[PDB]
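We begin with a single chain expressed as structure tokens, specifically the form deposited in one PDB entry.
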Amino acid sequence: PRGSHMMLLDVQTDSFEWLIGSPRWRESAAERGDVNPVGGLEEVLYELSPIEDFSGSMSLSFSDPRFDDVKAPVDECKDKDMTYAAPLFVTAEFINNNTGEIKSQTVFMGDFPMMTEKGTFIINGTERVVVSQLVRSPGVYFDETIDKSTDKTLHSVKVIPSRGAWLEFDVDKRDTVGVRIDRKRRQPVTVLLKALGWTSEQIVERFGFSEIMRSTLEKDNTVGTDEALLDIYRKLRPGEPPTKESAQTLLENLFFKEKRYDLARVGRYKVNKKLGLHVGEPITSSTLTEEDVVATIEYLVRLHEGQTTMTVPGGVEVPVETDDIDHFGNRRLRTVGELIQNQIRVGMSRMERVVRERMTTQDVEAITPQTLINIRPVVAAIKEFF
């Protein structure tokens, strides 16, 4: 329950105009100034494009989202218990990287519920008002709890971007240090370290001061960078055929590429500040770095052993403490358009999984965008939202 107590109608309706990339939004973005304006649905399509198989001999890209006219007037949608919506169409482009052949099509991506003049939606005849929400603002947040069972003191940390996957570390009751990538299952943190190119020697050179890091390294079953990369792939894409190259591409696109990851200026500043990085640098790139990952793990571990300061290589000394003040200032306001955009992403990612798996079972000459694209996860996500 994180809804606003009060909303400005115009701010929310403007955010829906943005989400659908409407003309009025373009001219409002043109006056207020200025260029590089990207629609909400535009962004989502741009983010996941291109979708590739593990080979990767196939790619599929999305672009140019637009709408047809509404299927029925509002009053007709009310007196017939229908949803006020407009058909969504995108430009999908399939590429066979072996031949270089390109197959472009227009694809229907489902009926998209449109905001009325009242700033409302009409779902199944019922008029609804979507409320803006207060969510955790970008940053890196450390905390402390007590285990329900053994009553040991536990520490965890969340790297929360403005946009993209979550990265979570924790010390558990079995004295291990773990990593959760994109809310997936828990792995020993040494796995992620190796996937980034760290040898066991470098790991003990850096984290040898901690015994739980030395024990985690022992009870860690991966041997080498390649094996760690594949363990991550299996945790994130179960049932799908792993390769060293696609897992490597996967990890890069999760945190280190601007396309699907963004801390934004506020997140990048707060991460630098908290960990003592970029001591004299301005904010340019808003992706995570290898330094951020290593620093965060070190911070968590020193926090667990009861240390109060720390200094990363080339950084300044910072206090090591929980961010227990995870209230007031550490929250931001997500408009209606942004909320819908987020649910679109979720549906899109499930659609993206089906594309990859259909790329491995379909005949490459019969493969078109239409054969690859199942829009059900997208219409189910919107359905779930309302």
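When you see a residue number, it is the position in the sequence shown, counting from 1. Rigid core here is just the name for the largest C-alpha set that superposes within 1.5 Å across the two forms.
In what follows, reference is made to the form deposited in another entry, a form of this protein that is not presented.
- In the core-aligned comparison between the shown form and the other one, the C-alpha of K80 is the only one from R183, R136, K257, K80 that shifts by 2 Å or more.
- In this overlay on the rigid core, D326 has a C-alpha that sits 2 Å or more away from its partner position between the shown form and the other one.
- Between this form and the other one, the CA-CA gap for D326 and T296 widens by 3 Å or more, being larger in that other deposited form.
- With a change of no less than 3 Å, the CA-CA distance between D326 and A295 is larger in that other deposited form than in the form shown.
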